[PDB]
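Since the structure comes first, as structure tokens, the remarks are kept for the end.
Lettering of chains follows the sequences in order, A, B, ..., and the numbering in each one begins at 1. No hydrogens, no waters, no symmetry mates; every other heavy atom, side chains included, goes into these values.
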Amino acid sequence: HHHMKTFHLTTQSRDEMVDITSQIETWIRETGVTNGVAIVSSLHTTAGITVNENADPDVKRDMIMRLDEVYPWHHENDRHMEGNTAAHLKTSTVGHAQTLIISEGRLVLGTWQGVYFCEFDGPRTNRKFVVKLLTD
Amino acid sequence: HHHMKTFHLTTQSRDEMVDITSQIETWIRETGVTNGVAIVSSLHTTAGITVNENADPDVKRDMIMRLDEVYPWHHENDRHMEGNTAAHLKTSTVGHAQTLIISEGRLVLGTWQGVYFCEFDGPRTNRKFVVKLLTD
Amino acid sequence: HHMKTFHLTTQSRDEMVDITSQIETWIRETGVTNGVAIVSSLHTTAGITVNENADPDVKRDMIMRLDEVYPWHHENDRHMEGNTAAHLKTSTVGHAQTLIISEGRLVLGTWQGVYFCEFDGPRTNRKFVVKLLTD
Ligand code: NA
């Protein structure tokens with residue numbers, strides 16, 4: 001498996017930030033990797049990956065709200081037939097992937113940092129992200 | 001071998017998203033790397049790298065259009081007299097670099113993911129990105 | 001395992017601090033020649049970016065534009081602490097950046113420097129980490 005695993009999620013609304021930290025960690029533990037990096041990569045162009053505050057759900061609510069204002073869903077100048085241009089912008093804005101450091105078997109994250117799958121075009125039943133580990 | 005290759009682009013307009021997936025894949029094949037990661041990095045402060053929809057050109061058109069509204073070219077509060085502040089914002093917003101996973105001698109990309117060089121201050125004759133592979 | 005923590009004290013709400021030289025000094029001390037460096041903020045309100053390292057007006061303008069895109073005060077914010085805008089700016093530039101190391105130097109274009117982006121200062125003992133992976 002080359003320390004690579006695909007994870008599956010079902011999302012429940014257009015916009016959703018799903019904390020995936022524990023899934024990543026549990027799987028690092030399973031592989032036995034102690035030091036290196038983890039690449040966490042959405043397989044989608046309308047859902048991304050970010051790191052942000054892990055405790056107050058109002059942070060992620062406010063992130064979703066602000067991004068909805070920065071990139072409104074409807075725009076008169078949009079040409080992309082599918083209608084989900086805003087989700088493509090949001091995905092490129094937070095990133096499709098994040099690179100995390102692994103030290104002594106743990107993700108190197110501050111106390112309040114968690115890893116989120118950022119759904120911008122839900123609800124969808126088939127969402128996926130990949131985690132790939134590289135060891136020192 | 002260092003598994004690092006630099007690529008040259010000439011861009012033809014202020015804003016341009018150029019699909020560079022083939023350059024990256026071709027270099028992976030040439031190096032014989034089967035599993036690991038690829039770091040794709042712009043050498044510029046006014047062009048970045050992103051992963052987004054790789055089939056409908058209207059996605060790229062709309063991305064450029066939306067970014068132009070988020071970061072208008074002319075802004076009364078700008079101090080940077082060269083006049084390309086907006087390009088600097090766009091570059092930091094999409095990122096100067098992306099990290100991709102390599103599995104079975106190919107990039108791990110979802111169905112519609114491609115890698116784009118995002119020119120925000122063209123046309124320019126000597127744009128560069130670097131592809132660095134790391135092996136398992 | 002070539003990982004080091006660095007502390008910074010920031011001096012205003014918004015500050016872009018050039019950390020390039022600090023990263024490069026670590027690399028030189030470890031003797032790592034080729035690989036990658038992962039530069040990662042430990043904070044949800046400060047990020048890491050790569051941008052223009054010569055003209056201070058670029059980073060002034062970056063801070064200004066970000067403050068317009070994500071205004072500090074917003075009637076619809078529910079996060080009562082008041083620093084929502086810092087969270088958005090952090091996710092927008094990124095909490096971390098990956099840099100290539102070649103011949104003991106960061107692979108950076110002429111005007112490219114690495115910045116710690118404070119969006120909720122001034123604070124003491126802001127931190128980032130640098131992890132090196134060698135070929
Ligand atoms: Na970003």
Side-chain angles (χ1 to χ4, degrees), chain B residues 1-6 33 36-50 66-67 69-75 77-100 120-121 124 126-136, chain C residues 16 18 20 33-40 47-59 61-70 88-115 117 119 131-135:
Chain B
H1 192 259
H2 50 65
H3 300 323
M4 185 177 68
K5 184 163 171 182
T6 301
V33 169
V37 301
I39 299 81
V40 181
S41 193
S42 170
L43 295 180
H44 310 287
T45 62
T46 56
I49 310 289
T50 199
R66 297 300 199 99
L67 286 169
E69 297 206 344
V70 175
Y71 300 117
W73 195 260
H74 298 291
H75 197 297
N77 295 346
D78 283 353
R79 293 170 79 82
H80 176 54
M81 283 327 285
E82 190 173 330
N84 59 4
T85 287
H88 292 276
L89 271 304
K90 290 172 202 179
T91 298
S92 277
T93 295
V94 302
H96 77 290
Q98 298 296 334
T99 300
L100 318 172
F120 299 119
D121 192 31
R124 302 273 178 190
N126 188 350
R127 293 306 222 175
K128 298 285 180 43
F129 64 95
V130 188
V131 182
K132 167 71 176 180
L133 314 179
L134 307 175
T135 188
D136 277 11
Chain C
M16 286 175 65
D18 192 327
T20 314
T33 60
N34 302 291
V36 302
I38 303 82
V39 180
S40 197
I48 307 290
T49 204
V50 172
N51 218 293
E52 160 84 47
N53 67 4
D55 183 356
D57 287 336
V58 172
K59 68 186 195 172
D61 282 2
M62 285 177 66
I63 287 166
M64 188 275 297
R65 297 298 197 103
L66 286 171
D67 173 78
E68 291 201 357
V69 174
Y70 301 120
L88 271 298
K89 293 170 192 179
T90 298
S91 277
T92 294
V93 300
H95 78 290
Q97 299 295 340
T98 299
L99 315 174
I100 303 162
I101 306 169
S102 175
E103 310 288 288
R105 296 288 299 180
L106 295 169
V107 175
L108 292 167
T110 290
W111 286 313
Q112 274 185 317
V114 188
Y115 286 101
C117 300
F119 298 124
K131 165 72 169 179
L132 314 179
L133 290 175
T134 67
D135 290 354

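Residues C:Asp61 and B:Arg79 share a closest heavy-atom pair of OD1-N, 2.8 Å.
Annotation: ring pair (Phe, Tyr, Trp, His ring centres under 6.0 Å) contacts of C:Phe119 (sequence neighbours excluded): none. Partners of B:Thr91 under the side-chain hydrogen bond (donor to acceptor under 3.5 Å, both in side chains) rule, at least two apart in sequence or in another chain, do not exist in this structure. B:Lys132 meets the side-chain hydrogen bond (donor to acceptor under 3.5 Å, both in side chains) test with C:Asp135; sequence neighbours excluded.
Between the CG atom in C:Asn34 and the CE atom in B:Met4 there is a gap of 7.5 Å [rounded to 0.5 Å].
A donor atom on one side chain and an acceptor atom on the other are not found under 3.5 Å apart for B:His80 and C:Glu52.
With a 4.5 angstrom heavy-atom cutoff, C:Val50 touches chain B via backbone and side-chain atoms both. Heavy atoms closer than 4.5 Å to chain C are found in both the backbone and the side chain of B:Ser92.
Contacts with chain B were tallied for C:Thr98, C:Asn53, C:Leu133; C:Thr98 has the most, counting heavy-atom pairs under 4.5 Å. Among C:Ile100, C:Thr49, C:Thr92, the residue making the largest number of heavy-atom pairs under 4.5 Å with chain B is C:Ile100.
Between C:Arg65 and B:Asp78, some side-chain heavy-atom pair lies under the 4.5 Å cut-off. Under the 4.5 Å side-chain criterion, counting only non-hydrogen atoms from C-beta, C:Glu68 is in contact with B:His75. Taking the side chain as every heavy atom from C-beta outward, C:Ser102 and B:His2 never approach each other to under 4.5 Å. B:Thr85 places none of its side-chain heavy atoms less than 4.5 Å from the side chain of C:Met64.
Chain C is approached within less than 4.5 Å, heavy atom to heavy atom, by B:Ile39, B:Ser41, B:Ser42, B:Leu43, B:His44, B:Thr45 from residues 37-46 of chain B, ordered by number.
At distances below 3.5 Å, at least one donor-acceptor pair connects side-chain atoms of C:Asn51 with backbone N or O atoms of B:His88.
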